[PDB]
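In the UniProt record's numbering, the protein residues as written are 2 to 154.
Virtual Cβ for every residue (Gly too), placed ideally from N, Cα, C.
As structure tokens, the structure follows; a few thoughts come after it.
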Amino acid sequence: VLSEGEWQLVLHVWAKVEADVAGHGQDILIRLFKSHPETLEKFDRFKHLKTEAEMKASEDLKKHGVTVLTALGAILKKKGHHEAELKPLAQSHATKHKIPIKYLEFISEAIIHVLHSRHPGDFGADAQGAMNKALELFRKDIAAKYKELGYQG
Ligand code: HEM
């Protein structure tokens with residue numbers, strides 16, 4: 002369980018993300034695909050992209066990054082009360098996309114890396130610790146929902 006003060010560190014950096022959600026989404030997905038190339042294989046829509054330049058030029062990937070970060074932002078704004086938001090996302094990612102918990106750890110690492118690079122004004126050690134706690138809570142709750150849904154994760 003996060004404290005209110007931890008939630009405020011999360012939401013304070015997220016407000017900066019929201020100045021340019023599309024650019025942040027590009028950076029985060031590219032970082033994920035570069036650090037853990039196996040994750041790109043999960044995306045039938047994107048797995049043909051060969052280089053960072055093609056990723057950056059892909060209008061479809063940009064759109065998808067907006068979708069992902071807007072969904073995550075709506076979860077974070079719930080400050081842990083995210084049961085309704087998690088249901089549909091857990092179901093699609095367990096049953097259709099088949100995204101293991103290890104890959105949600107990889108995107109969490111990519112989010113942290115980009116925030117650390119872009120926002121050292123709002124992403125010092127305490128803020129990063131709060132964000133990590135929020136992402137760990139998200140992954141814990143997704144893992145619980147995956148088990149309910151029948152997916153090992
Ligand atoms: C912060 C974590 C994540 C969030 C909030 C998120 C959110 C979303 C949303 C909102 C969608 C569209 C609606 C849906 O299908 O549920 C989506 C689609 C998808 N996600 Fe995620 N996602 C996350 C992590 C991941 C990871 C780590 C992978 C793969 C390694 C992944 C793979 C996919 C795939 C394959 C699709 C379908 C894309 C398409 O063809 O349209 N997601 N995600």
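Rounded separation between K57 and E19 - CA only
The residue labelled residue 57 in the question sits at position 56 within the sequence shown. The residue labelled residue 19 in the question sits at position 18 within the sequence shown. Between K57 and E19, the C-alpha separation is close to 19 Å.
Measure how close the beta-carbons of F124 and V14 come, nearest whole angstrom, since I'm counting them as under 8 Å.
Your numbering for residue 124 matches position 123 in the sequence shown. Your numbering for residue 14 matches position 13 in the sequence shown. Yes, they are in contact, since the Cβ atoms of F124 and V14 sit about 5 Å apart, within 8 Å.
Sort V115, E7 and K141 by Cα distance to residue 155 and report the nearest one.
Nothing can be reported for residue 155: it is not among the residues displayed for the chain, which extend from 2 to 154.
Between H49 and the ligand HEM, is there a pair consisting of the residue's CB and a ligand heavy atom that are separated by less than 8 Å?
For the purposes of this step, residue 49 is identified with residue 48 of the sequence shown, where counting begins at 1. No, the beta carbon of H49 sits no closer than 8 Å to any heavy atom of the ligand HEM.
Is the stretch 139-147 touching the stretch 90-109 in the sense that three or more CB pairs, one from each, lie closer than 8 Å?
yes
Euclidean distance between Cα positions of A126 and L12
As a working mapping, residue 126 is identified with position 125 in the sequence shown. As a working mapping, residue 12 is identified with position 11 in the sequence shown. Each residue's Cα considered, the two are about 15 Å apart.
Please indicate yes or no: does the CB of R32 lie closer than 8 Å to some heavy atom of the ligand HEM?
The count along the sequence shown starts at 1 and reaches residue 32 at position 31. Result no, Cβ not under 8 Å from the ligand HEM.
Quick one: what does DSSP say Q153 is sitting in, helix, strand or coil?
In the sequence shown, counting from the first residue as 1, residue 153 sits at position 152. Correct three-state label for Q153: coil.
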